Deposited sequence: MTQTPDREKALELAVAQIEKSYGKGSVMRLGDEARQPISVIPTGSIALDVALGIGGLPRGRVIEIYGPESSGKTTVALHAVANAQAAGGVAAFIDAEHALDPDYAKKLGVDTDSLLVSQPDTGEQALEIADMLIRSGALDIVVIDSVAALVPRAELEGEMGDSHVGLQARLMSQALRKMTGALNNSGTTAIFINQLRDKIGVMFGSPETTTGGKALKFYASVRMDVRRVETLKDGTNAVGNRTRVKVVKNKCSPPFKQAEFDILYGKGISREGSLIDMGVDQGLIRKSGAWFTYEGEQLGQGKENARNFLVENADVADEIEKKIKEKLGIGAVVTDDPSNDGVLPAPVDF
């Protein structure tokens, strides 16, 4: 009717005065950027709409201890590097395991790392790295750990939030201008009040159940909810397996997402793909796909095309 135009108008004005993702129907298809940073899971890539993390924006990944949030962050680093990018890791937790990082695909040798003296030094160094123009990604581990100088020097209570707010204001312009993505890891959030609004993507990461091989724990089924998303309709969620000592089972996400799209049929325990059989049970289907990068890439190729991601 006459209203369909008045709404298009309203939406278009909102978009003009506030930016592309300022309002969306949840049912809308995403606006696909040139490049993004894939997450490691095609499921998580689809849930984000744009097929990975956006460039030049603030990302927040939060969840409990050992929930997988860091694992997600490292894959983002790995993929950024695989595409010839440079990565930085601002570390106030001192928890990183580079062997684990390596097995995911991170080029740890090339990884820039900084273990800052204070909260403000952490963000300042990060800001210097960003304004270089030379970075594709920088990870901050973590928000809770960004303790202010005054507190560290023993000098009121509330300025960590003020620190993040100050930092993000300056940093947000540098990231947009540089095309560098900043991932902020966060626990269940000192100055996460500011981060909540500056972030273009916020991901809630959690463990759903432990994966077992008979009696020993091969890994964890992980669940991520994209609670905030300026680059595509929000509130999507995905699941994927993080295997101990290996990381996110890419092959596992291809299968799962394959059967969801009807690219991979499932006559009982037997997963099939285009008349040929992938395996009986998920682990065989998974293992088959790492042994056969050809078909795994073809399945990945097909899923993207069907969804335009």
### Query
According to the record, which stretches of the deposited sequence lack C-alpha coordinates?
1-4, 160-163, 197-209, 331-350
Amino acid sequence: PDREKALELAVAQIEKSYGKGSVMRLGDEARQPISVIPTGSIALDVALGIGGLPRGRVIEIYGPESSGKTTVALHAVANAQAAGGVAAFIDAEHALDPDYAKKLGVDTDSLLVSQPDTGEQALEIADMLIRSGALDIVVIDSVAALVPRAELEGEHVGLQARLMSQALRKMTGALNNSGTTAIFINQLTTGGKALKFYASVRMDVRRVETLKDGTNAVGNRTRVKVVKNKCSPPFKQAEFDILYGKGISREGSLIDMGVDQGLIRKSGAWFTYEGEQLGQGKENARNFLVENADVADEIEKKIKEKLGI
From here on, numbers count along this sequence of modelled residues.
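Definition used throughout: the rigid core is the maximal C-alpha set that superposes within 1.5 Å between two forms.
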### Between 207-215 and 158-166, larger RMS Cα displacement in 9 other deposited structures of this protein after core fit
207-215
### Message
I want to check something about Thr189: across the other compared entries that model its neighbours, is it left unbuilt in at least a third?
### Response
yes
### Between the two ranges 36-44 and 255-263, the one averaging a larger CA B factor in the entry
255-263
### Query
Going by the B-factors listed in the PDB entry, is the mean over the C-alpha atoms higher for 222-230 or for 161-169?
161-169
### Task
Could you check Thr210, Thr180, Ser114, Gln237 and tell me which one carries the biggest Cα B-factor in the deposited entry?
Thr210
### Message
Using only the C-alpha B-factors in the record, can you name which of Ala80, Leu188, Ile125, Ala199 has the highest?
### Response
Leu188
### Message
Using the temperature factors of the C-alpha atoms in this entry, rank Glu60 within its chain: lowest, middle or highest third.
### Response
lowest
#### Entry: Ranked C-alpha temperature factor of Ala30 among modelled chain residues, by third
highest
### Task
Taking the chain's C-alpha temperature factors as the reference, tell me which third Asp99 falls into: lowest, middle or highest.
middle
### Task
Tell me, lowest, middle or highest third: where does the Cα B factor of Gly105 rank within its chain?
lowest
### Entry-reported Cα temperature factor of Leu175, expressed as the chain third it lands in
middle
